[PDB]
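One chain follows as structure tokens, the form deposited without 2-(2-benzofuranyl)-2-imidazoline.
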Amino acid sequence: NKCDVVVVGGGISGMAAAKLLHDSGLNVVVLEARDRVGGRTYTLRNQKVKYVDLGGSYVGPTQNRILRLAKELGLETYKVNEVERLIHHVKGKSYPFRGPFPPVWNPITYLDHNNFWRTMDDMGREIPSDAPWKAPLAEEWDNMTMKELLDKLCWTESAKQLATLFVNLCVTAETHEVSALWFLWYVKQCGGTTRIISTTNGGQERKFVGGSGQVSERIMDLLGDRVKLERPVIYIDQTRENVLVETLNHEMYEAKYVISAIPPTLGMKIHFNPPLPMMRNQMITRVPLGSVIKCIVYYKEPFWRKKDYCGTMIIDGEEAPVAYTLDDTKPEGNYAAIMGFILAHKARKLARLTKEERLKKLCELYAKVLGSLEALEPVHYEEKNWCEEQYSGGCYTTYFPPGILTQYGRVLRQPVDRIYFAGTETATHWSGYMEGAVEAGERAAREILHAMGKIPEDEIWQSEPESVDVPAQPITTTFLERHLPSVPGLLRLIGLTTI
């Protein structure tokens, strides 16, 4: 029953919050809906795979909070394979390349690709990380879908095609579903377009040895009996002196404060007394999560390396079930695997098939993209459809439809009496990621410490020292990249000269 803080949700954010509060000498309890911790991170273990992350997996430079938490728990990272060539597959043809971006030869298309990425970052610098709705043109950009923005920025179909896949891959949603302001914020708060898309020096650089599920599992071992599995929270009562939190099995928990560490829309699963204020009440009906199936196809050997392919494929085409893959082979070089994401409307569409039908379609895709018959000989298959999860709502994270972030964005992490809000969605740096989960979990925990008069106000938001293990090379631009004209800019120059 009685404790200082009830934490709702035993994912990375809630576990990070409970650990901090526990380390500060408080009596904490974690109420987790599932028969496991980790939430949107999940590591399957069996003899065929040894271990595999079916949810969140990748970590990179500038994600210093998740890295410090994992290292303190005794965890280790390894580099995702990007030794050999990446593949860009478009119009049923594959084009090998090196570096983070698929190359473009056509001079007009090159100017258009260059300008697009530059403008994404240009617009990003106008958007405050901690308050996106404060951008000078917040309303104008929020009243617009990402599709509308692509339609007006991209003067070539090639750039529009690549930008569409970029959006699908980043936020597991269609360009027409998401606010332009929101998506521009989301990229900006991950350090920009290059940082977000990169394996080497980016978000996909590394994975944890043994899986990311260990983060939450090892925090559970530290907290012992304080974590309560199979306790979905149904009711929060704040009418009396102590906060009462009721679960589905009719257990009652009494606390001074509560941390909500669940996806914002999943707050709907809780009945509130007194009712939530007007803005939060409506906000939680307006914030869906994206759609993704994560699929891993195992092979006898990482045969793609022999053809000088690292395993990275960027696959454009409506026919392609998977738009993005990475090599998922173990660091020891065994359990050869290709990881792929089925994104947005394709997750919806391909979920109708059987596990066996999906495996078949993926192998047939990889065989064509890699130009390898070997790809038609899988030894094993694992997958996870996050759309069917009652206690996640989707993956990777929450997106904002047009008009919502400016109208409702400011209440996301605004406390409601004695309820404080964590979860990756409330973070200001790598929101949507395991990194943002740690940030938001530890920030929510400190808000409570301040409320109890244990720490000063200026200590609620805490900066993180850079990892020595995973150093961040800075994001650099060239003179040409900065000053090459857009397509309309070149046309302006043509019409002005020839006049």
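Sequential numbering from 1, following the sequence displayed.
- Annotation for 136 to 144 versus 105 to 113: the higher mean temperature factor (C-alpha) is found in 105 to 113.
- Remark: stretch with higher mean C-alpha B factor among 89 to 97 and 400 to 408 is 89 to 97.
- In the PDB entry, the Cα temperature factor peaks, among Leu350, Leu373, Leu184, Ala323, at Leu350.
- When the C-alpha B factors of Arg286, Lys294, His380, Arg226 are read from the deposited coordinates, the top value falls at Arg226.
- Per the PDB record, residue ranking by Cα B-factor puts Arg40 in the lowest third of the chain.
- Sort the modelled residues of the chain by CA B factor and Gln462 lands in the highest third.
- In the deposited entry, the Cα temperature factor of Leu222 places it in the highest third of its chain's modelled residues.
- In this PDB entry, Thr424 carries a Cα temperature factor that places it within the lowest third of its chain's modelled residues.
- Ranked by C-alpha B-factor against the other modelled residues of its chain, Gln473 falls in the highest third.
This next part talks about the form solved in complex with 2-(2-benzofuranyl)-2-imidazoline, which is not shown.
- Only one of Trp141, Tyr366, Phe166, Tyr257 lies close to 2-(2-benzofuranyl)-2-imidazoline in the entry with it bound, with a heavy atom inside 4.5 Å, and it is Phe166.
- Taking a 4.5 Å heavy atom cutoff to 2-(2-benzofuranyl)-2-imidazoline in the entry with it bound, the contact residue among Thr406, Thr329, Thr199, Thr77 is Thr199.
- The stretch from 273 to 281, 344 to 352, 133 to 141, 99 to 107 that comes within 4.5 Å of 2-(2-benzofuranyl)-2-imidazoline in the entry with it bound, counting heavy atoms only, is 99 to 107.
- Put simply, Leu86 is close to 2-(2-benzofuranyl)-2-imidazoline in the entry with it bound: some heavy atom of it is within 4.5 Å.
- Residue contact check for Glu82: one or more of its heavy atoms lie within 4.5 Å of 2-(2-benzofuranyl)-2-imidazoline in the entry with it bound.
- The closest heavy atom approach of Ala337 to 2-(2-benzofuranyl)-2-imidazoline in the entry with it bound falls outside 4.5 Å.
- Contact check for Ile314: a non-hydrogen atom falls within 4.5 Å of 2-(2-benzofuranyl)-2-imidazoline in the entry with it bound.
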